[PDB]
Amino acid sequence: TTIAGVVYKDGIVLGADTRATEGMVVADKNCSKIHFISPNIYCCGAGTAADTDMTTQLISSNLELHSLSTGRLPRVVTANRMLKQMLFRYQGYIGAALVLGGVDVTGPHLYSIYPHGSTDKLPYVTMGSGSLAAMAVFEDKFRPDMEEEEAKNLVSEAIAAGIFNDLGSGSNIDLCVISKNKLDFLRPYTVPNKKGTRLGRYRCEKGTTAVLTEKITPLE
Amino acid sequence: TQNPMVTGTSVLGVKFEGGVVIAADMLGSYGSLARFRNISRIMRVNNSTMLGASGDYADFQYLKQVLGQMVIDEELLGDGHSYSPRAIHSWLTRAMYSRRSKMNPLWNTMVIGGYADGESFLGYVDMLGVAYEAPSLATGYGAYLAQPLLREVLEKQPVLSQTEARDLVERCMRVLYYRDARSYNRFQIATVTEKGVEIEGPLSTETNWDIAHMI
Amino acid sequence: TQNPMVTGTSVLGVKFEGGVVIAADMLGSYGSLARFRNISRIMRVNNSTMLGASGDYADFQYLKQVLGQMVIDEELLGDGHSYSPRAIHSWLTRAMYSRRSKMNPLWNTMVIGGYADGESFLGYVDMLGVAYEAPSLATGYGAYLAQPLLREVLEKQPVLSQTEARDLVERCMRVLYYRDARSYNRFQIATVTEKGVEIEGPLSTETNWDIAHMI
Amino acid sequence: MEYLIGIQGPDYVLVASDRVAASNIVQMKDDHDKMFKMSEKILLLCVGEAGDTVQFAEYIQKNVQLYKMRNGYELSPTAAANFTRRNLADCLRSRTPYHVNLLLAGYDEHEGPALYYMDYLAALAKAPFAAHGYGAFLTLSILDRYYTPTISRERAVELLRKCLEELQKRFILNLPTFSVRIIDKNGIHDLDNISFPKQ
Amino acid sequence: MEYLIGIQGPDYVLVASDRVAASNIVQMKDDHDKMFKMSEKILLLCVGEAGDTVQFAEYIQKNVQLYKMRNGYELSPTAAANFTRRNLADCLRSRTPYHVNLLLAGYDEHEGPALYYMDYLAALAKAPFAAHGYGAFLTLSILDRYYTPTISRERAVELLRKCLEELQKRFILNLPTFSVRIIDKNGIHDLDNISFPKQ
Amino acid sequence: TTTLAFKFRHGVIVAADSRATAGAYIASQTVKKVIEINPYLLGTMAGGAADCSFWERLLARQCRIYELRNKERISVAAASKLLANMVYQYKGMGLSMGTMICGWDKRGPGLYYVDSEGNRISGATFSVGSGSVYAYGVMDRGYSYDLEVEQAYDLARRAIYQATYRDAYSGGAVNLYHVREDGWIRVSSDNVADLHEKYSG
Amino acid sequence: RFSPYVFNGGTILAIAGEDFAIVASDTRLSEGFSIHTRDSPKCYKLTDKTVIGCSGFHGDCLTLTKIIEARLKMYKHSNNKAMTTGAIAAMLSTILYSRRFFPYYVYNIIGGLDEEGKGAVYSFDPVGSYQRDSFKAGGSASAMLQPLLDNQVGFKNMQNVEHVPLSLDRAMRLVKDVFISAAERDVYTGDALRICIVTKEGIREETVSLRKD
Amino acid sequence: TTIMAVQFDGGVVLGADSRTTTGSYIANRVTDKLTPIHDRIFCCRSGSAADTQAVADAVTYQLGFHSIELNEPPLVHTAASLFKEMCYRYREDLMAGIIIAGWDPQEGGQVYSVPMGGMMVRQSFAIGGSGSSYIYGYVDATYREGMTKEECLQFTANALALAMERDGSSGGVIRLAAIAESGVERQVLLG
Amino acid sequence: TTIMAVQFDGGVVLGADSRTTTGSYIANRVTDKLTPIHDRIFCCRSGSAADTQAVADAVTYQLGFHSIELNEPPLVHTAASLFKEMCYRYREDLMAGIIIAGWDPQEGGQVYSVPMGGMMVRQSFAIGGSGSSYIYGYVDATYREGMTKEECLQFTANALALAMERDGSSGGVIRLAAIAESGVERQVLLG
Amino acid sequence: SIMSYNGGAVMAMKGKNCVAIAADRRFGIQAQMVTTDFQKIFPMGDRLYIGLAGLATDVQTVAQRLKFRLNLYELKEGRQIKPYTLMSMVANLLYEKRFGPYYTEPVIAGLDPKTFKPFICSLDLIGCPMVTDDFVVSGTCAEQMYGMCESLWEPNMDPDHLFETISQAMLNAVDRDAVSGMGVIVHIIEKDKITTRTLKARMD
């Protein structure tokens, strides 16, 4: 698990990977780790998978309740206050590591949330198991107020450093670009890893398995 | 050794065209207190091989004492032979494996750089007797931080010159100052060539703090 | 309270002819570090009774808050009544016993001195709800050190004047500076009489070190 | 520790248990009964802790009789067995877990005879034969050897007598007497008691 | 777990044990012998661990026979019993402690018959009767009730049969067979085996 | 793991399964659990793979020297005793061994049982293993001293099959040896799935 | 406190042919959630007819390899000949049992040719019990390779399929297919595939790349 | 973590490092360790990060509501009482190192110290955090009664930099703040 | 316990408190924490009392025997090597805080530090003991290269008194010692 | 562990226009079997099944609680349930016992009620949904089931070869497991009919 975010001169680029493991066995080769919050705010999830999923759906339901009652666009600082106040009440039992990012009237805002309830406003963050590898790419190559394709090149470089570290991915590098007006979301942005071809004949025969009892039930 | 009192930190190393460069800092921390601000963590073995280490520093003075004796013991024979850098890597592995079998290990992690017969050498030695060779090595937290920067350049370009390698180490030593809690902004760089072992002085880094003016 | 963070130390107390004198130091140590060099550990209750305490100091500010409220709550009635020093000793024991029964005790050890109706009063309160009366009291290490000096004089002479009692406390407070590791060479002396509660300033001791010139 | 057996026939259910109420060395009672008549066609066998056997099985005993008096008719052995599983699983993640092992024996007018197995973790099963206790190991492979789905009620008693003589031979506990029931279309009939002259 | 008995007479020693070699549920052997002929007038009974019974008692067995062959005559039952106590106590504060329980039965030409008791902590005793195992609790008060210091060898067998029927009744383990010896001025005579038709 | 052994009028029958596991993972299905010590002795494997493999090979190293020094084969009671003393010196250190010793002797047949705990007992019938308790009942219901040779082959082949049915740690093939007066002889080796078509049919 | 063991990963495969033997392994050395190197093969040419593979704790793999190579020379100058395949498996069982109460954390597979010219594969455990098999797969991905080779090599659970012996060329593509499928689901496997083929004409080597994640 | 507070004749001077660590890894490299509550009252926090952020939000909620009712600027001693009522009550659950400082119209500059226990005391100068143990001998040999504002900014800059010399929970960058009657001057010091 | 060692142009200056404690009770009120080995070489000890007294007797036995054979005054680096050969060998058994200082004719004043681990290093000044953590920020902001003898006696007197301010394992009385080519001047400071 | 107390193996596999699901038949305590007719696949409406594996208590418990909520759903609405809707229903039921969790891992397989589109997913013991396109597996012998499905699966398969692939995947993997076996039942459904077959497996 390797997630990262950055703030360029106009918006926020998020990045993640596509592997969920159970033990030391790859359970999923294509998992979505970038979650919807609002039409300007997205959130990357890390930690316990079911804890991050059920948390990111509740707060996204409250902001849809909030903004439709209010009648205007939500704020990133509102989603910051809801998450750190909920997670503090569970005393860190819910294991959720989140990267919160969005563009408000006041501009872009990027946060990092720890499962005990501590939040940090930063221009660039990494979370997850391979966060140590992705952070070294940032500090070597971050400069303030980058352009669009310059910032997209930095994140896909930083995520790929964690992929070629352990607990990487069956790689489909994801990107979510949030700007002041345009919103992008790219699942197959980069496929660096391919599965090799199968060079053997595995001809399953029509009748090579003994059957004790058959049963037919039609439908309509 | 069951409790390491005075420990070091990450040690780097990478090959280039006709030599191996190794850098480490000069810090003698005790837990969280940095008690010793001026120590040397790189040992110059005779003319071709070269040693830097991490882990417990009192155990490092013991191996500095023993390896210093064995090199003198061969030079007094004068039979035209010396220890290859691979032979030091072989002896040191058997010393660490025989020590952990008595359940009284040496708390170290050692990197051996050497250049002999026109060939570079870069070897790793673990506390548990795990040893291998690599074109680039990093210990401690450097295996999480500087090691992705090492393997990125060596796959896009397999061979490096001396100036390309030395500039790349100072970039990685700059990074470890930002996020390792046991780092130190005064380090030294050691380099083997065909001319012999050469150790540079207490160099420093150049930091950036322009993101502090942001919120 | 399961872990006392900021603690005090020994508190003394002894009766005399028409009053009770109580002395304690002004130290707020945290473990071995003496973090707070200037605090008051003696509380002046209204006109006759008087409280000094040991143990955790954050728990002492809580009892300073509650006892301060109850005295105000009776004086606003104006019915010509007040709390006797024995009634404070009765209430404080039931407060400590009910607190330990919930397995969440108050880390304190308290000495109550009072003078009412021409009679002196000197009461002890433990953390575990153990309470008694005595002509002389000492807490902490003072029960091992100053307490044999207290009982020696009171058996050879049962009653004492004010000047004999005040001179005897300064001898015992001198002793605790020599061999208690949490002592402090700045203390204050509080005394009840028929005139009321009076607290002296930050007095000091006078030490001897002539045995240092011996081997 | 104590023993049960569950031989199922084509139109009958043969069940038997032991009669020992021992206390850690001594044997306080040698005519103990572990058989609970739930209704006119359903029995109940209970093996477990000291108090958990009597308290839970009588809670089921005085709750099936409530269904008979209130609705005018009788539970099926399947629905009665699948109600007992509901009460362990609901009272398992609580401060008072019941630690008993059961097996149910019932006859139905529409489904014939039936046997159900029960763990102390409330797992149902439908078995042609079952057993409990430490003696379940030594005896069921004998019953696995000679079982026939079309077997008479007279050969089942002879197969039950083969099943208990090896428990007399290579099992460390004493277990001298064994009470035996039988359930058919007429009801619960009490067969004769089984005892062992050892030598 | 297994049982011993030590009925002492005026000119005889009546001893008996059980014949069970069980393994934790099963009973692997039902004709096991725990009786060790040390000499022509001294027996040995051993109850303890798995390997410690055979290894230690044969070390005593092949050391008393050395005294017979080397000195031409035989140990007294007192000196033979007080040598066994020496070997446990010397090998007690070491890395290999032996955990066995013993009782010794011997006849002397000058002292008559004798019985000795032995703990697993090497404590000697001189008893008119003794027992071991969990069955020692239920049976010795029966033997305490009807004992007479002047009793015949025929009433002692009848008293032994009274002593074992209550162990058949209120003891949880099986224990079907019991081998019996007798020692007199002529030597060790083997009496008939004792078995129990239970019901 | 399930082994058994019983002696009768015409010698000793030895039978075992062939399944060895590792936790809940089956390692192999072709494990030979009856170790051929000599042309006149046989040993089993029950509990611990290398523990039963090493010490019986060390016993076979010892019985050959006894034959050379004395010009005579070793007896069955001698070899079971030598195995018991070697294991007893490592008591408590954590060995696991529950093997059996079979073979013909000058006294006739021979059948002893040796534990790692120190139990050395003789007997007529034995069954060792995790699924051993499933094999005692089906064997003793059909056991007799005067059984025929073809009848005794079918009894032990039945008893392993009923043990591998109920137990989860038992399966594979069913080996079957026969100890004759001159020496042991391999009878057969049958798959469990082949017996299921034979017995249930 | 100090703990003397750690797991390093690895996967070793051996197939006994009719007149050949194939030993295959990956070259990834890892620990915890880090990659030490991508070039560390597990094949070791003992003799001209015997190749051993060593998985598990890597510090014991470097020690146990050098002990066996010393005893090969100790056999030869005492006997004027080289060891056979079955002699090495008998010698290795005594070495592994010699540290019974402080065991090597090494899984071992020996493949090679016998004295008749046929394939032979011996599998091991960390205490020293062994048997001769036709195919084994040891290491971290051992559970992901044994059921597939039972279908293809052993022909288990198949109906109406003749038992043709496995040729050399058919055995090569079976090895190349199982490591592609194993590197997908296992994390301790990838970055290369070293394959050693032992025949009567010497030992061949071949390297096939895998996915690098 | 090392925090610092010194009062002078006009008001108070605050200061802290950044370096929010976990284990031996720096998670946050630059950090606002000092937090505004009111326009004149700051606090600098130490201990667990998630605990001190939750307390500082509740005190800002309670004190900010309380001053609007009175239509008066709040007292610094009033704000330090509210941290005491939560840290002493919810002890054995929180690890907070709060130091409260700020200017008040009734009393001027004030500095209060609320350690991990829950007690409250007024001091002239106050230290705190993990790295505060190393400068305890320097801070009392250098302190002098009757400093100006520019001396106190010089005082806390040298005092923090000795704790921020190398010690693994400290360093990074210096954030200073001066609170007086006129305004609040905040600055970031490096090099 | 707090020990101190500063070299200067002529020789070295040593200093220590006394206060040998146990639990919270002072057992010994005045204590020679510095011990003569040779006429020019002292050591000041810290850690367990019974461990450091046994080591200092053996080193005095070995070094005192060694200099009579050579008929030469011993080296200070020779004496510091002997503490290393015992503390590193018998580690996990001893808790020693030995600092070795003294004048030598070949090299002048030298100060070595042997902590609880067993390493050896030469320093300009050296601290040690339990109370040494409190003056680490004071000792490097006050130190200056090129002091005289009278400055170093003034330096260590103020440096010890800050660790001896109140800290429970320290205080008591100051014992100072100056080692040079001429002689050894020892004095006791109080008030 | 608690999951290894009774054993089990549930596999689902997606075909061209059809979907298959299979499970074992063995019921038993840790080393002792009890019976060979333990149901682990339960019909939840037509052309939509569910498989359960894990602790045998929670298999029978959750399958009754889910049936409790399904019938109340299909009466307030006249329609049947969509396969995406059931996955959200099961994930709600497991997450309510967040700290008292049921010890099972469900596998859902079925077709679309309107179109012919198949659907497979699996969940964790606390309710993490995970949809795939080839296969999902659950139970104790999980690692053996990944080794068979990664090598034998083909993208577009008729119901003939899909049955033969899931047959060889279940037989070769469960025979490697010790605590699973004693018979394998296979359900293969499609738009027109539902076919249930039992296989000839090793009964040891």
# chains A, B, ... in the order shown; residues from 1 in each chain; ligands from 1

call {"tool": "interface_residues", "arguments": {"of": "chain D", "to": "chain E", "cutoff": "10 Å", "atoms": "only C-alpha atoms", "output": "ChimeraX atom specification"}}
result
/D:20,22-30,134-135,137-138,167-177,194-199

call {"tool": "closest_atom_pairs", "arguments": {"of": "chain A", "to": "chain B", "cutoff": "9 Å", "atoms": "only C-alpha atoms", "output": "Markdown table"}}
result
| residue | atom | partner | partner_atom | distance |
| --- | --- | --- | --- | --- |
| A:121 | CA | B:215 | CA | 7.2 |
| A:122 | CA | B:215 | CA | 7.5 |
| A:123 | CA | B:211 | CA | 7.9 |
| A:130 | CA | B:144 | CA | 8.7 |
| A:132 | CA | B:144 | CA | 6.0 |
| A:133 | CA | B:145 | CA | 5.7 |
| A:134 | CA | B:145 | CA | 8.6 |
| A:135 | CA | B:145 | CA | 7.9 |
| A:136 | CA | B:145 | CA | 5.7 |
| A:137 | CA | B:149 | CA | 7.5 |
| A:139 | CA | B:175 | CA | 6.9 |
| A:140 | CA | B:175 | CA | 7.1 |
| A:144 | CA | B:211 | CA | 8.0 |
| A:161 | CA | B:148 | CA | 6.3 |
| A:162 | CA | B:148 | CA | 8.3 |
| A:164 | CA | B:148 | CA | 8.4 |
| A:165 | CA | B:148 | CA | 7.9 |

call {"tool": "write_last_selection", "arguments": {"atoms": "C-alpha atoms", "output": "PDB file, in the first residue's frame"}}
result
ATOM      1  CA  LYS A 121      -1.753  20.360   6.741  1.00  0.00           C
ATOM      2  CA  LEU A 122       1.163  19.748   4.370  1.00  0.00           C
ATOM      3  CA  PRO A 123       1.994  20.471   0.717  1.00  0.00           C
ATOM      4  CA  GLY A 130       5.577   1.899   1.140  1.00  0.00           C
ATOM      5  CA  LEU A 132       9.023   5.554   3.125  1.00  0.00           C
ATOM      6  CA  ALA A 133       9.987   4.918  -0.498  1.00  0.00           C
ATOM      7  CA  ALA A 134       7.570   7.443  -2.003  1.00  0.00           C
ATOM      8  CA  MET A 135       8.626  10.223   0.382  1.00  0.00           C
ATOM      9  CA  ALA A 136      12.277  10.037  -0.713  1.00  0.00           C
ATOM     10  CA  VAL A 137      11.179  10.798  -4.280  1.00  0.00           C
ATOM     11  CA  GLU A 139      12.082  15.514  -1.026  1.00  0.00           C
ATOM     12  CA  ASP A 140      14.588  14.946  -3.834  1.00  0.00           C
ATOM     13  CA  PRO A 144       6.804  24.798  -5.187  1.00  0.00           C
ATOM     14  CA  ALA A 161       9.189   3.633  -6.186  1.00  0.00           C
ATOM     15  CA  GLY A 162       6.904   1.934  -3.669  1.00  0.00           C
ATOM     16  CA  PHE A 164       9.263  -1.912  -6.727  1.00  0.00           C
ATOM     17  CA  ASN A 165       9.485  -2.130  -2.939  1.00  0.00           C
TER      18      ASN A 165
END

call {"tool": "residues_around", "arguments": {"residues": "residue 149 in chain J", "least_positions_apart": "2", "cutoff": "9 Å", "atoms": "only C-alpha atoms", "output": "list in words"}}
result
residues 13, 134, 135, 145, 146, 147, 151, 152, 153, 165, 166 and 169 of chain J

call {"tool": "residues_around", "arguments": {"residues": "residue 55 in chain J", "least_positions_apart": "2", "cutoff": "10 Å", "atoms": "only C-alpha atoms", "output": "PyMOL selection string"}}
result
(chain D and resi 121+123) or (chain J and resi 2-8+52-53+57-60+102-105+139)

call {"tool": "closest_atom_pairs", "arguments": {"of": "range 26-47 of chain H", "to": "range 174-186 of chain H", "cutoff": "9 Å", "atoms": "only C-alpha atoms", "output": "Markdown table"}}
result
| residue | atom | partner | partner_atom | distance |
| --- | --- | --- | --- | --- |
| H:31 | CA | H:175 | CA | 8.9 |
| H:32 | CA | H:175 | CA | 7.8 |
| H:33 | CA | H:175 | CA | 8.4 |
| H:34 | CA | H:175 | CA | 8.4 |
| H:39 | CA | H:184 | CA | 8.2 |
| H:40 | CA | H:179 | CA | 6.6 |
| H:41 | CA | H:179 | CA | 8.1 |
| H:42 | CA | H:179 | CA | 8.6 |

call {"tool": "closest_residue", "arguments": {"among": "G:40, G:25, G:123, G:30", "to": "chain B", "atoms": "only C-alpha atoms"}}
result
G:40

call {"tool": "atom_distance", "arguments": {"atom1": "CA of residue 90 in chain E", "atom2": "CA of residue 116 in chain F"}}
result
25.7 Å
